[PDB]
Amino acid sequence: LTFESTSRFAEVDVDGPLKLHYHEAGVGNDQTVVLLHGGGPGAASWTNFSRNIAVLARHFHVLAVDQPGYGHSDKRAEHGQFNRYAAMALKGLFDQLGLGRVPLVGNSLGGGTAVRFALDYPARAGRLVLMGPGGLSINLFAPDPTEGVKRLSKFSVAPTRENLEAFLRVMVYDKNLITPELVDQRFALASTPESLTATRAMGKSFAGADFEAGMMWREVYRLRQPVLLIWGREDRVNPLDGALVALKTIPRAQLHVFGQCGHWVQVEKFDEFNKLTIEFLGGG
């Protein structure tokens, strides 16, 4: 499996044409699963889920979707609340591809999008696996913005290699995962005019008047499916105290916390994450 071999495009309608890029693997496996990546600058499906797609594609039909504003998906200069925007894009893709009810796997911003989709289109979402998720997290103890969010904002204002490296170092427990090569690759993607347009567009929308759609901790008592919350104990972006309202209020919730793990569970605990996900989604 390569970036190129798995690369697919679809055109959907969200207030006009929207090109989505995604990766497909494990075609012919009985169970489809959709993967939604995190929202750090330069993030995309293939790099976010590199330690996971090959393994999950042994069990499932994997669709790893670049969210709008990321990777090779369209990078519009303006949009509404990001998770509802991305959920509308995903609904478009579900309809185009003829998907019925599909489990979703989402880290951080992608977890927010998975939840918004599961709330707005409840018949179309199956089991959820949510890693350090945004949206349904509310940091009952951590002052907002967190150290992690502050470093993301600093990059947005001053998009330098130094500021991107700083934000990446608070994503992980083992800072040796942040190699000069990773920093170089992410900075090249994050600093394009189009990517900076998408990060400028993103800025407005979470602070805009559409904000209530983002406060999904208010809504997840409505989720009827099993939901597996996965957290790194050392997550400095969406810290562990953000799990508590979702764990309490989602009837069929589970939580798994990994010690010695930051915000990139799917990378830092890739084997344990892969095994939890395979078992939770039914072994495929």
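For clarity, a rigid core is taken as the largest C-alpha set superposing within 1.5 Å between two forms. Numbering starts at 1 and runs along the sequence shown.
Superposition on the core shows that, in 5 other deposited structures of this protein, the C-alpha atoms drift more in one of 122-130 and 199-207; this is 199-207. Annotation for 51-59 versus 227-235: the higher mean temperature factor (C-alpha) is found in 51-59. Relative to its counterpart among 265-273 and 13-21, 13-21 has the higher mean temperature factor, C-alpha atoms as listed in the PDB entry.
Remark: of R124, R84, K175, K150, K175 shows the highest value [criterion: C-alpha B-factor in the PDB entry]. By the numbers in the PDB entry, the CA B factor is greatest at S191 among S191, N107, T113, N139. In the PDB entry, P251 places in the lowest third of its chain by CA B-factor.
When the CA B factors of the chain's modelled residues are split into thirds, the value for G100 lands in the middle one. Among the modelled residues of its chain, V34 has a C-alpha B-factor that falls in the lowest third, as given in the PDB entry. In this PDB entry, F187 carries a Cα temperature factor that places it within the highest third of its chain's modelled residues.
For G92, the recorded CA B-factor ranks within the middle third of the chain. Only modelled residues enter the ranking.
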